[PDB]
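Those sequence lines, one after another, are chains A and B. Letter by letter, the first sequence follows residues 35 to 132, 152 to 839 in PDB author numbering. Letter by letter, the second sequence follows residues 35 to 132, 152 to 839 in PDB author numbering. From the three backbone atoms N, C-alpha and C, an ideal C-beta is built for every residue, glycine too.
There are 2 protein chains.
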Amino acid sequence: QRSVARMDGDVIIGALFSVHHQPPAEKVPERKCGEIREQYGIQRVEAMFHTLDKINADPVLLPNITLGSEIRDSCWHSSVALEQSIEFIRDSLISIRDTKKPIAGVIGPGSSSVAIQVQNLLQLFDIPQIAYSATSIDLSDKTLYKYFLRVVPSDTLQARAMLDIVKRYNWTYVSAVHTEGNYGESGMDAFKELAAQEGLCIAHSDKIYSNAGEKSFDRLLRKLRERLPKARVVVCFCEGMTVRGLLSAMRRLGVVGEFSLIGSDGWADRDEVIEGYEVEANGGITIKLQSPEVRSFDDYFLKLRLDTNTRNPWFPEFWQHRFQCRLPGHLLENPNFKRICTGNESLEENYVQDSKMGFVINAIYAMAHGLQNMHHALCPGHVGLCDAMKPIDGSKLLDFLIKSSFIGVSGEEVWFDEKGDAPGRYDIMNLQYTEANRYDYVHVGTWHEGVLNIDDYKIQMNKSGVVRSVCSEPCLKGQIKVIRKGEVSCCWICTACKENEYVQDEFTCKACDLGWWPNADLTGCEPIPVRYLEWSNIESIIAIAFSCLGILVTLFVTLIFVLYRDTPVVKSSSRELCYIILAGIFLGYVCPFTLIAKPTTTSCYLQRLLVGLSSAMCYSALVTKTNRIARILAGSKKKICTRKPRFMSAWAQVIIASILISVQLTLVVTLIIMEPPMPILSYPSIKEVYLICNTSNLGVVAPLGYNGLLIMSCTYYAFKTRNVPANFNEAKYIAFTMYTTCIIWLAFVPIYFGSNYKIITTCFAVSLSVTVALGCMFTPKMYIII
Amino acid sequence: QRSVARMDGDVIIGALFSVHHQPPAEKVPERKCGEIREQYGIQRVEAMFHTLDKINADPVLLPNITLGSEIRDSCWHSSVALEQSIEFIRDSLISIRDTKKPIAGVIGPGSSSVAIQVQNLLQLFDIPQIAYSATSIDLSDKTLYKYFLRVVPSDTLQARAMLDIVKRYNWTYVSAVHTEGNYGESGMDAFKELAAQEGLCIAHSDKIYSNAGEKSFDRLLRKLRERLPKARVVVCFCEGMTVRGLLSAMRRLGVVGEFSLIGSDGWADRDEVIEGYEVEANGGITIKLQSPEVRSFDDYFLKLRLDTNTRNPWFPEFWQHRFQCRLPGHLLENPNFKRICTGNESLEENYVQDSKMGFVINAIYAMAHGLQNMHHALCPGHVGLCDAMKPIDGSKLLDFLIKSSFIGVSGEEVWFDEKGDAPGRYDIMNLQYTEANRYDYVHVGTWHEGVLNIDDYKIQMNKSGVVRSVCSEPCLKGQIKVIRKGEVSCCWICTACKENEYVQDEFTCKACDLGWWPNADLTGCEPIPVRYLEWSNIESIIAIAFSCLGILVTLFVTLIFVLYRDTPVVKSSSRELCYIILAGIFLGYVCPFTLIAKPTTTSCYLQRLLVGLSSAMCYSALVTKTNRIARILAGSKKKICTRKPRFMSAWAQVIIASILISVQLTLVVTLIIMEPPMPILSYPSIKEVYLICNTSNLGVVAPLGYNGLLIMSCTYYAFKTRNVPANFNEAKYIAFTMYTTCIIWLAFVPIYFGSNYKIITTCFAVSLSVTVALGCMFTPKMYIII
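Shown next, in the form of structure tokens:
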């Protein structure tokens with residue numbers, strides 16, 4: 035029959051405490067348990083034999099309520115744990131109906166994959182189990198799993214601690230590995246999710262099984278050992294044997310000093326992971342739990358003796374297994390042990406206090422303050438249990454646990470949040486050889502509930518500031534866009550934007566509107582070309598000087614004409630003729646100085662009054678003279694025509710020649726009232742702002758084409774003028790004047806259309822055509838009359 | 035200390051037949067049970083014993099293997115079955131370590166909630182549950198629920214049968230109702246999904262609670278009044294108490310017979326729920342399980358005695374329950390009756406066999422066949438349990454049960470598919486009037502495995518009855534636009550297709566192409582017939598008559614001209630210049646003949662010769678006859694010019710006139726090499742395609758640009774030549790003919806723009822312009838000369 039340890043009291047509490055090992059792999063149909071464990075077995079059974087003797091006599095935690103124990107071996111195998119679970123349940127359910154008291158809770162199964170399989174049983178009877186080691190994620194969901202809370206932190210905390218280490222050195226693109234099953238998968242899924250909220254891009258997602266072939270660790274090496282300049286921090290949510298395989302693979306192909314792996318809880322400080330491969334792992338971070346060794350136990354356990362401990366069955370087999378000595382004094386002595394011994398042995402022989410024995414005594418105390426919250430809220434002012442508490446429940450008792458907090462045995466508090474997750478107080482251990490060849494795990498600070506406080510004076514002392522997650526650098530210089538490289542996020546590509554493009558997004562610039570292109574580093578679109586036209590260009594200063602020289606030659610002609618009326622030719626020919634051509638030429642010569650200007654609304658009126666009225670009134674003045682002689686030439690002696698449409702005075706003929714002047718003034722007024730004189734900003738390029746007045750091709754072909762047909766009217770009535778015995782050869786120079794104006798008049802338009810700054814072409818073309826007309830007409834008729 | 039009925043054997047089978055009632059006695063913690071149900075308790079305990087006493091005695095099913103049994107009570111409670119199950123899973127454990154023997158399976162607990170909470174206790178020991186009543190939807194998840202067969206239909210099968218009724222009468226919009234809690238939610242979500250993929254639309258799902266106010270049941274009917282003419286039928290997925298409330302509120306308002314209700318499995322043979330509300334219930338279909346009456350049990354059970362059945366506790370104490378008697382002769386007698394029992398009593402006292410007595414004896418035989426697989430396939434050619442198979446296994450039992458099948462007690466086959474679901478074989482009922490005041494259920498066909506088998510001549514007794522509850526009528530008529538009525542596809546609102554719209558899809562009428570009206574039956578777009586006429590219409594008979602009379606009158610003016618050479622003007626002047634009038638206008642009068650024609654590349658080209666070159670030749674006539682005297686004007690004494698542009702002969706003046714004929718031809722011939730005449734389908738409307746050959750405003754004014762200069766040149770040299778005494782004032786005749794023809798030839802083009810039938814305008818106008826030239830030159834020529 036399987037034996038049990040039992041401590042008396044009133045409110046007895048059950049426990050599992052994996053005494054024996056796992057039964058043999060094939061003997062599970064009869065499920066006969068293996069050998070004693072003596073780190074988890076007989077160190078923990080004595081936890082519930084001396085801590086339950088502290089609480090016994092403690093007058094502040096259970097005053098005058100005697101607490102009790104039961105310990106039923108689980109043999110690390112879910113079948114034996116389940117057979118033993120029905121015994122607590124049986125005696126509880128027979129007791130509540132009718152030597153057998155109800156068990157109030159369970160001090161936790163050893164692993165996590167027996168915590169699910171014993172909670173699915175205990176959930177049905179309303180009895181909370183309180184785990185001390187069950188670090189698996191899916192035991193957190195309070196929809197399936199109510200009766201399960203822990204004094205050991207969950208796997209979302211390890212995932213977050215690994216994110217905090219990685220993101221505290223600006224690492225943001227990492228390879229990932231994890232062992233197959235629930236552990237590595239769950240932890241990597243948690244971490245990979247938390248990574249995806251801060252722009253981390255896991256360079257290589259991976260899976261591998263622990264006893265998979267040497268080819269599987271070897272191909273894993275090839276895979277991860279590609280992209281070496283891009284990512285060197287491999288996050289390993291791994292077990293010790295998977296990492297021992299990856300270090301053994303890295304020994305074989307000899308790529309020892311390449312990349313800096315960071316571990317998980319699987320390989321805290323234990324040396325089975327590293328032994329024989331000490332050179333591959335130097336400068337390798339882990340995280341481990343902080344379970345402080347309890348000094349209050351080493352006193353008790355190491356003063357124990359075989360002969361004076363009758364409350365622990367499994368203890369005589371523990372002595373025989375520890376000391377190689379069959380003791381035939383008491384029964385159940387193994388045959389393989391010779392050299393019969395005494396009870397005067399040192400329990401000190403390679404004694405090591407358990408890692409997870411701070412957790413058993415945090416766990417029992419969490420279960421012994423649910424019986425203080427209950428004993429005062431439901432039994433106010435009583436010594437011993439009152440009636441309503443006496444046949445103890447679990448539904449109210451679980452709430453009196455989930456709101457319990459305390460101080461532990463190591464100064465740190467035990468307290469449960471809303472889903473039974475204990476506080477994450479995690480250490481960090483870098484591994485490095487400090488003295489001669491001795492590779493050890495050195496403590497370098499702690500994670501502490503999101504407060505990472507890693508000590509950089511002890512962290513590495515390896516190579517300099519280790520090449521980051523550097524696949525595509527932070528290349529965001531002046532003018533730069535981040536190309537993103539569709540497929541991947543982190544490896545974006547470093548590329549400049551065009552000149553016109555402004556940095557709207559750091560990921561994409563936009564070519565801002567015409568009128569604008571941005572400043573240095575493409576930040577803000579400023580009113581770029583304020584380029585001036587008003588006064589002159591320095592090249593247009595010769596055209597300004599030629600307009601001035603024009604005004605000089607009109608004043609030279611006035612110096613011989615107006616105040617010197619002493620000439621027979623101007624006495625016999627009408628004077629008003631010569632007054633209207635000098636007024637025409639004067640208007641066409643003040644014009645070029647008013648042309649070069651920054652066009653405004655009123656300055657556009659000036660500029661169209663310039664081209665329209667100056668050219669038309671200049672040539673209307675010239676044709677008043679040529680019309681007066683044309684009327685003679687066509688109506689006197691050479692063109693035989695019947696009609697005489699003329700008046701009986703020379704002044705009336707000068708007035709008839711003046712009728713045509715005003716018609717071009719009516720044309721330009723009807724063209725101005727239609728489309729107004731307004732300045733327009735011109736953008737033929739990104740750096741060009743000529744700001745030209747409204748002066749369409751309609752306004753430069755209509756009045757100028759009407760002066761062109763007026764030169765054709767002169768040419769028809771200036772045919773035989775070449776050889777006529779008229780006034781002092783003047784008539785042949787009238788024909789030459791019309792030829793020299795009409796040739797450049799026709800040559801103007803093609804060069805005008807093709808050229809850009811064609812306004813200087815208009816001023817120089819109008820100025821040259823009028824000065825050759827002035828010169829040809831006047832310079833013989835002023836020089837021969839001396 | 036609840037009791038157990040047991041019988042001896044070699045392979046024992048457990049069951050949880052609900053002996054007592056669900057005790058609300060105080061609460062759970064006392065655990066005291068109610069009364070022996072006798073329609074669910076003791077009635078099926080002797081059914082298990084009868085079923086086993088047919089199997090211990092036939093050599094076909096378990097020869098030399100003896101079955102045993104363990105009948106225990108569940109007291110119809112979630113927390114009494116859970117205590118009792120522990121004595122089957124503390125026989126398997128103790129009988130395999132260490152009389153007591155292994156129990157192989159648990160035959161069904163009745164209530165479905167017990168069948169979830171006692172199968173999260175039988176996974177852990179690998180023991181098949183075989184349910185006989187557990188109609189839950191989610192007891193088919195083979196991830197959470199694995200050791201769980203059931204010989205009763207799933208609720209997705211019933212939800213399919215519900216849909217199949219509504220799909221056979223061709224209904225497509227219906228209001229839903231379901232009782233809150235697992236039953237109604239499950240089966241309504243199943244039906245809503247099945248509806249959604251099929252193309253139904255559930256009108257309003259006012260799902261309600263069972264024990265709400267009569268004003269909440271009023272609020273159901275207050276909503277039902279919306280869409281009362283449109284989507285009137287309810288699918289009541291409820292227990293009978295919600296139906297009782299829904300007919301209480303129907304009687305309240307007096308909205309008696311507007312819609313029928315198609316009831317679910319909760320209301321099919323519930324008559325108790327319709328006692329007093331029969332007037333609201335007529336015409337309502339239902340659906341029930343098909344569980345046949347078993348005769349073999351009824352004969353055995355009704356012949357039983359209180360002194361013979363020693364294998365059944367509860368049965369020496371059920372006699373007082375059924376018969377209202379009390380005997381001092383039996384121990385543990387109830388006090389509340391005081392008429393003394395006898396041993397010899399009738400047991401047929403309103404005996405009705407259970408609805409599930411054909412489901413117990415089907416379930417046990419599913420086991421006895423699944424062990425006739427195990428005893429064959431592990432112990433071949435053996436008698437009794439062999440070396441292996443003892444203690445009997447878990448996961449090999451379950452893999453021989455899942456492929457067990459053999460005919461039941463009632464001719465129907467038990468057989469499991471891969472999820473422990475039995476076959477869907479459903480009856481139907483309906484409340485109807487059979488005789489004088491007789492609302493009762495009548496069977497009206499069956500639903501078997503998705504085949505529905507109603508016969509209408511026993512259902513509803515009404516031809517039209519419930520109208521097609523569709524959210525719009527079947528709006529598909531001849532060529533109707535569908536807006537789809539986006540709230541639901543199938544219930545689209547009909548709208549009228551536009552004059553240009555067509556159905557590419559029925560569900561979207563959309564516009565056709567321009568000039569291509571939407572063809573008959575809206576199957577696309579269709580082009581229409583063209584307005585052109587090659588052969589003569591009545592409107593062309595006038596035009597060809599004008600063309601041909603035009604030719605004949607030219608033959609008459611030649612009869613008075615070329616045959617009669619006694620003309621004063623001609624035979625002094627050239628005869629060919631008076632003849633080239635007729636030669637030129639020949640083609641001008643032929644314009645109407647081949648203008649009003651078909652567009653073909655040669656005939657529509659000939660029509661471009663009509664618009665261009667023929668019109669050029671008909672004005673080549675006019676320019677020869679008027680520009681001869683015009684050029685002679687410029688060269689004679691009557692008007693003088695600067696040169697001598699004429700030779701010494703009239704034959705030189707003929708080829709000089711032919712220069713003006715040549716440039717008039719050449720102007721329009723420069724365009725014929727650029728545009729070859731292509732027939733353009735220029736559509737002036739959607740109801741006309743019209744087909745004008747290659748024509749534009751440029752195409753018709755192509756000769757007009759030189760006609761204007763020819764007429765103006767000949768007008769300037771004929772302006773006052775009218776007043777000059779010609780041969781008989783014929784210069785004034787010519788001046789009047791040009792004056793009348795010119796102004797109407799300008800006034801052509803506003804009529805060409807206003808009126809669209811340009812072909813009639815050009816032919817009619819050219820006929821009007823050429824007739825006056827003959828009527829006012831050639832007729833006075835003839836009349837003066839004769």
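- Burial check for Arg278/B: the Cβ neighbour count within 10 Å stays below 16, so the residue is exposed.
- Of the candidates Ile693/B, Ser593/B, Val819/B, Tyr770/B, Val819/B places its Cα closest to the Cα of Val753/B.
- Taking a beta-carbon distance threshold of 7 Å, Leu177/B counts as an interface residue toward chain A.
- Shown here for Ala214/A: same chain residues with a beta carbon closer than 6 Å to its own, the five before and five after excluded, namely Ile340, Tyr479, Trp500 in chain order.
- For secondary structure counted as the alpha helix (DSSP H) over 4 or more consecutive residues, the region 572-599 of chain A holds no complete run.
- Straight through space, the alpha carbons of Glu346/B and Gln406/B are spaced by roughly 7 Å.
- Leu575/B and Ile581/B have their C-alpha atoms spaced approximately 15 Å apart.
- A direct Cα-Cα distance of roughly 13 Å separates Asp44/A from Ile89/A.
- With a contact defined as Cβ atoms closer than 8 Å, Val205/A and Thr188/A qualify at about 6 Å.
- With fewer than 16 other Cβ atoms from the protein chains shown falling within 10 Å of its own Cβ, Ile796/B counts as exposed.
- In chain order, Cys644, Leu648 place their CB closer than 6 Å to the CB of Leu663/B, counting only its own chain and leaving out the 5 sequence neighbours on each side.
- Close to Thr695/B, with beta-carbon spacing below 9 Å, are these residues of chain A in chain order: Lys691, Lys692, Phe772, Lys773.
- About 5 Å separates the CB atoms of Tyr353/A and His84/A; that is less than 8 Å, so the two are in contact.
- In this structure, the beta-carbon distance from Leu281/B to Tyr330/B does not fall below 7 Å.
- In the structure shown, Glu502/A falls within a coil segment according to DSSP collapsed to helix, strand and coil.
- Here the alpha carbon of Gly761/B sits roughly 21 Å from the alpha carbon of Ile685/B.
- Those residues of the region 102-124 of chain A placed with their C-beta closer than 8 Å to a C-beta in chain B are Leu116, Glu117, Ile120, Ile123, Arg124, ordered along the chain.
- The secondary-structure analysis by DSSP pairs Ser103/B across a beta bridge with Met41/B, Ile47/B.
- Pairing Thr196/A with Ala243/A gives a Cβ-Cβ distance that is not under 7 Å.
- In this structure the region 522-538 of chain B touches the region 550-565 of chain B; the number of beta carbon pairs closer than 8 Å is three or more.
- Taken through DSSP and simplified to helix, strand or coil, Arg379/A comes out as coil.
- Identification of chain B residues near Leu86/A by a Cβ-Cβ cut-off of 9 Å yields none; the smallest Cβ-Cβ distance measures about 28 Å.
- Look at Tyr185/B here: in three-state DSSP terms it is coil, with no helix or strand label.
- By a beta-carbon distance limit of 8 Å, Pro181/B does not contact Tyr198/B. Their separation comes to about 12 Å.
- Going by beta carbons, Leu192/B and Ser119/B fall outside the 7 Å limit.
- Not flagged as an interface residue toward chain A: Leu431/B, since no C-beta distance is shorter than 7 Å.
- Classified as exposed, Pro444/B has fewer than 16 neighbouring CB atoms from the shown chains inside 10 Å of its CB.
- Judged by DSSP secondary structure, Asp132/B falls outside any alpha helix (DSSP H); it is assigned neither H nor E.
- Residues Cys439, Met442 of the same chain have their beta carbon placed closer than 6 Å to that of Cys432/B, with the five preceding and five following residues left out of the count.
- For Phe806/B, the uninterrupted alpha helix (DSSP H) segment begins and ends at 801-807.
- The beta carbon of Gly102/B sits closer than 6 Å to those of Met41, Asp42, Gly43, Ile46, all from its chain and outside the five residues before and after it, given in chain order.
- Here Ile733/B carries a strand assignment [DSSP, helix/strand/coil].
- Fewer than three Cβ pairs drawn from the region 698-709 of chain B and the region 723-742 of chain B lie within less than 8 Å of each other, which leaves the two stretches out of contact.
- Interface with chain A (7 Å Cβ-Cβ cutoff): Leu127/B is included.
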